[PDB]
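Okay, here we've got a single chain as C-alpha cells, the form deposited in one PDB entry, with questions on binding and movement later.
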C-alpha cells in the first residue's frame, strides 16, 4: 500500500521486545502507533496484579486513534507486546498535518477501525447465540484431535459439513454457516466447503 508506505516514511519505527509495554494506563496521550509487525494485547491491571485482556491487535492495526480527536487525554489502558513487535510512531500533531496533505491516510485509519467493528459485531447476539457458538467451537476442537484429523501447516484439518455440525449441536444449516464465518473473521479457522483448518491445535 503506497498510502501506508508514504505514512511510514514519516514515522519513527521502534522495535519492542516481546511482553514489553508500549503504553501505560494514565499517561498523557500524544502519539499515534501503527503495528508494522507483531502483535499486542490491550489490557487492564487491578491493584492486586490481575489482568484482563480487552483486545488483541495485530499487524495493520493502529493504536491510540481516539487521542487524535480529543487533545489532552490520558491513556485508557496498558498496551503490551504479545510477541516481539515493530511499531511505527508519529505525534498526533504531525499526523494531523499529514491528514491535511493527504486525506487518504485518515481513510486508512478509519477503514481499519470499521473492519474491527464489523468483525466483532459478528459475535453479538443473545445468550442462546453465545451458547450455540461455544458448542460449535467445542465440536471443532474435539474433531481436531480425533484420529481422522490431518496435520496441516497452520493447525489440524478436518472434514465436516454445516449440516453435520448442526445435527451435533442442534441448530440450522444457516446458523452454523453464520458462526463459521464469524470464526474465520476472528481468524480462529479457515473453511472451504467442508474442509476446516482449526488453528493452533498441535
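Positions refer to the first chain, counted from 1.
The form deposited in another entry exists for this protein as well; it is not shown, and the discussion that follows is about that form.
Each of 168, 143, 119, 172 but one sits over 12 positions from any hinge; the one at the hinge between the rigid parts between the shown form and the other one is 119. A change of 3 Å or more separates the two forms for residue 197 and residue 53: their C-alpha atoms lie closer together in that other deposited form. Compared with the form shown, the residue 187-residue 54 C-alpha separation decreases in that other deposited form, the change being 3 Å or greater.
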